[PDB]
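Consider the single chain below, provided in structure tokens and representing the form deposited in one PDB entry.
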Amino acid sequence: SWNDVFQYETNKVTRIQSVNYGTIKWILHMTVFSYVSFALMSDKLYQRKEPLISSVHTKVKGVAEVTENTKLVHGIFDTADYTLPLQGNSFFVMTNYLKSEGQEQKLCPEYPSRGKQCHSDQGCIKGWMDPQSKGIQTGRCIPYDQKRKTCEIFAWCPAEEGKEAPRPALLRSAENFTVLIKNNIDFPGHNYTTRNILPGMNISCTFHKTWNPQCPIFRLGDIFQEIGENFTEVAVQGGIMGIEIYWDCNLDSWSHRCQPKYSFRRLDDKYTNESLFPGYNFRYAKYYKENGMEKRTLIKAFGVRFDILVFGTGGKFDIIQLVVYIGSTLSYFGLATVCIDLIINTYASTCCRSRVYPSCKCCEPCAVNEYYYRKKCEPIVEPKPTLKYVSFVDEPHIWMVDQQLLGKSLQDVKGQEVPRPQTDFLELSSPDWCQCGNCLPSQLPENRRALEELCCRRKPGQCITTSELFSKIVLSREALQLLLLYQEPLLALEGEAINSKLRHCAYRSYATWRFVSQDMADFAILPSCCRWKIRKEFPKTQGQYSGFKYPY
């Protein structure tokens, strides 16, 4: 069994000598290679990509000059007056505010905010919580002022919820503020970290798309401007602005590039419905005691929340990724073989020589694919008991009958016409169904008698036995003896077994002569006339003829 281990199977091939097929093969190979290489390089499919982990540190710079009040009061706003302590992925800049000082929890009328006017106590409902006015109604309409009445609520009073944001915005000068963004990113899998500020950077720069795309200092008004947003208008009600930091990082030494790209995107919907809280604000309370009572000052702060959005991937060469990609693409190099073999198979068909070619003489030189197909494919049939081959001296072709004989003579049964082989010129150099007058009834049992009910021809005429070739090949005892001696050099030409050997050799000689291929000759069926002439020449002294036996 060891020898069976040390075996190598190699495919048999036909190397074709063709300009067209060679050119097609090479063009297709180069097309596949070019595309797979382009996909490998463009999409970096030799790299393992890793998402980043980010830390953000923001610092807002700027002082706003304002004129509040009546009287003209001049003041300033510094960072502690308009920012929250948070300095990470989001920072808030106050641009507008409403202040309610000295609030007490008691009864008061609700602010008449765009539809809260009340005409009678019927409209007001006692005990009903209003999340807008932020109080509990008493069910009594009372006069907010000398012109309009509003429902009475138990709330922090005076109640100013629903009052409109000041216009113009009090801290609209925040458009001139600047924010410095410090961004640390890391790729833990690749063990790589970098930051967005490197040594040698200009400290007096301000970000610009073209002139200063790497300056991490942003004027807020410029942020709004770059994407066609108006800071002055957004300042009244506030909003949410996205600062996007994209890191497309190549960590291969020969192609190292890890730099941030800055972009801006408004994140709050401009057309948010009035009942859905348009803009951005929060309510901040400062609590104190005065006049022996628990009081509160309410700040409604409007402004812009800036969300720092940091995203990206880090690419480094990985062997496994490259191997997987190459393997995924290897099968595409069979395209040339598939296409050319399809061409060979299609143009070998007969439908072309008879139908396509007369209509179009351009694709007639492609008749050479018949030769290629003959050289490439060997058609064979499954050897089954019903397989039979018959040849008629009248016809030039062979008939295949792969069906049972249900008592019908094989002469009448129809089959599939198949062609005769090339013959290897180098080697060479009164039953009713009968139409020859020499056939005899079959001596087999009636169950399998139809197999032998066969004549040399389908139409009346001379029997094939009359030809001298028949006697030379089939009936010549010298020729059969020579063949047997070639197979068995020391065979004994005596006994009743020699007659059986000669009869079998004569059968095989007729079958090879009239069918050429051993594949057909093995399942060929001899005509009755030839069969009985052979048997007469080499008769069985005692016993019954078995006839055709299934080889498998």
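What we label the rigid core is the largest C-alpha set whose atoms superpose within 1.5 Å from one form to the other. Counting begins at 1, following the sequence as shown.
Below, we refer to the form deposited in another entry, which is not included among the displayed structures.
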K388 C-alpha shift between this form and the one not shown of 2 Å or more, rigid core reference: no
Core-superposed comparison between this form and the one not shown, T466 Cα displacement 2 Å or beyond: no
Residue shift check between this form and the one not shown, rigid core fit, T272 Cα at least 2 Å: yes
